[PDB]
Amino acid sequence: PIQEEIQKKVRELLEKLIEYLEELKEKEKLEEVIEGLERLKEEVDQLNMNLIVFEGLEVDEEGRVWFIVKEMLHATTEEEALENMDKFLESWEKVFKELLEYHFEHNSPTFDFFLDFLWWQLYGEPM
C-alpha cells in the first residue's frame, strides 16, 4: 500500500547516514551511532499523522544543548501524510548534521536521545 513508499523513504535516509558516518570514520562514538541506526533499520518494513519538526539546535547559557522545535506537522489527508514525512526527514537530517558537527567541536546523552526519538516517532515505543 501507500505505507510501503514511506517505509522505503525511511531506509533511504537511513543508508544516506550510513554513507556519511562511514566515510567520516578515519571514532568509537561514531560507530555506536552507526550501530543504533542500522539496529532500527530492521524494523522499517509506520505512518504517524502528527510529526514533530525541529528547526535546529541551540546551546543554552551553559553546556546544555536544546532541540528547537518548528512545529508539529499534522497531516489531515494522505498525500499530506507523505509530504509531512518528506519535510520531517529533511529537517531531521538537517539537525543530525548540525549535531555531529557540534559533538566533534565541543566534545552527554544527546546522540542516543536523537536516535531513540527517531525510533519513537516511527515505531511508537521508547526503545
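Numbering starts at 1 and runs along the sequence shown.
- Gap check for residue 26 to residue 27: 4 to 9 deposited residues are absent from the model.
- According to the entry, the deposited sequence has 1 to 3 residues without coordinates between residue 107 and residue 108.
- Taking the mean C-alpha B-factor of each stretch as recorded, 51-59 and 29-37 are not equal, and the higher mean is that of 29-37.
- Residue 101: CA B factor lies in the highest third for its chain, per the PDB record.
- The PDB entry assigns residue 43 a C-alpha temperature factor belonging to the highest third of its chain's modelled residues.
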